[PDB]
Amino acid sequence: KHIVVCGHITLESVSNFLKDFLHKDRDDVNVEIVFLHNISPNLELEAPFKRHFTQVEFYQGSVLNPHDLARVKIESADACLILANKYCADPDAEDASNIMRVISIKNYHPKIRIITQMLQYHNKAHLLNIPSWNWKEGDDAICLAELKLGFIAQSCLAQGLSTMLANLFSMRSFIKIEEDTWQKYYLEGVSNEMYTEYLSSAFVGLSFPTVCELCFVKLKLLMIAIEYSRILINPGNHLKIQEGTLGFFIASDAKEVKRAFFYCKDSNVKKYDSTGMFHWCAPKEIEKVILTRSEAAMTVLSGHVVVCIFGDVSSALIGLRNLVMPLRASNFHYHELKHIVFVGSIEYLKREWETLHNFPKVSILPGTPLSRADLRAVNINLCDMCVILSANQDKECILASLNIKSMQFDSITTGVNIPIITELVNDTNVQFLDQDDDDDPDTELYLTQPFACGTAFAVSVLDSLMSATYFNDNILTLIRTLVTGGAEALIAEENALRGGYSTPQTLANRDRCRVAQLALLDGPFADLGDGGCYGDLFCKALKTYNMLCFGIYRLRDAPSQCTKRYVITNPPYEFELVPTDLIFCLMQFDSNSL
């Protein structure tokens, strides 16, 4: 068996790909990895790969040449993977070049499975016009803008979620440490992966919550979703398991997951898009949402999302709707929607506005993330999250967080505990975000403190999704569903959310779970918070509320003034809680909430 890898083939991308792929591949003895690359080969370590990896072949050529497709044997290849140049100055041109690759490959052999990266959502949509593009039969498009900004969006609801999800398809060996440090418990959580498996016929007729509890208690498996088709994430009491239901699980090894299969014994007004999946308003002219610094200072905002954008009129477009849209999912109540305030170049942001103008509660302060006056005007110290992004052309981004941290407010307080997530292009630059951690350029991103705490994200963590998708493309579908707020045909044609009137059928689409974070200082889980065990909390949340818990966000220093928290995914039943812990969970929509 063999796969063909093409597109952006460099020493960096080849090595990174092989690292992911060969960690996950259980039958690597019998799988040939064939790289096809355009320019002549400088033995850019072409030779070393030939030593280290004896099942890795290189071919000079293009997937646009039918003879080169015959030379690498596309007709009998298990899949063709297309790596994008993620940092291209012109994402539309890069996407078009990869769509052309798909067209050429599919012309040569229609039934070849293709997995491709796409930079922008609007280009992903063009693949549907290729007749032989068959997503049902395994053709996959990994959209980088959609996923990266989705991961970030959900992290505005529960900080650390981006890290947790990333680590569920990180294909690295579990690493152990003996001492009782924060790293120990983080690393126990890192060993988890997402799997799918059919549910035992013995579960048929039982409710998801019942089966989920049985999996947790009896099998030590965390089941998060099912598919009869679309994926239901933590469905409630009324949803019963049918024959041939596929379960989605989080576990330490694939062997454990097998137990789940073998188990024995308002009416006149348009307020939503036409599907009822997202909040929607009539298109506003950008002048209606632009604030001056004085105007912004008059309205005190709190619980809001401040989005700091580095970029000028000439920058490549980010696709900011990929951030905003999940934060406008219809399974949020209008009143709980987080106000989004963009701080950056108005001539940049004017170019994004066409695909943002139907989302409510969006403001723009023309200015710069480095201006303390702008940040004070938008109440940076009271926000639920500050997101720091750069448009395509790290030091600007890093400087902005350092600047925020050192600001003083109001007893005067610093900005050191302000919630921030910074997008980095270069993994190495994670070293400069925190001043109280161990730095090393050779240490991978996932082990660093900013990543472990969910204060840094890089599109590079999505690279491993390519290998993950090859081995199990249900994992991509789950991740996309979770981070985008749920889902496409109408958007593929129009490239815009059309408004629509509410019916019973469109309003029923509101009833799906949302990401949230549970505190343990008071309320019904406080007794368990005080030295109780995670498993009792999990069962109580699930039985009483159909609330599914999937980890802890724990204080690094659980005497200390540091409020930094790190992710602990899928902890065991007996794991001991502390009162300051926050719990990652999926909560049911509550229609009567007020």
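In case it trips you up, residue 1 is the first one in the sequence shown, and so on.
- Unmodelled residues of the deposited sequence between neighbouring positions residue 108 and residue 109 number none; the chain is continuous.
- A chain break between residue 558 and residue 559 is present, corresponding to 4 to 9 residues of the deposited sequence without coordinates.
- Remark: stretch with higher mean C-alpha B factor among 279-287 and 337-345 is 279-287.
- The PDB entry records a higher mean C-alpha B factor for 256-264 than for its counterpart among 358-366 and 256-264.
- Comparing C-alpha B-factors across 101, 514, 172, 122 in the deposited entry, the largest value falls on 172.
- Per the deposited record, 414 carries the highest C-alpha B-factor of all listed residues (155, 330, 414, 234).
- Ranked by Cα temperature factor within the chain, residue 538 sits in the lowest third according to the deposited record.
- Sort the modelled residues of the chain by CA B factor and residue 577 lands in the middle third.
- Among the modelled residues of its chain, residue 523 has a C-alpha B-factor that falls in the middle third, as given in the PDB entry.
- When the modelled residues of the chain are ordered by their C-alpha B factor, residue 594 lands in the highest third.
- In this PDB entry, the Cα temperature factor of residue 321 sits in the bottom third of its chain's modelled residues, the lowest group.
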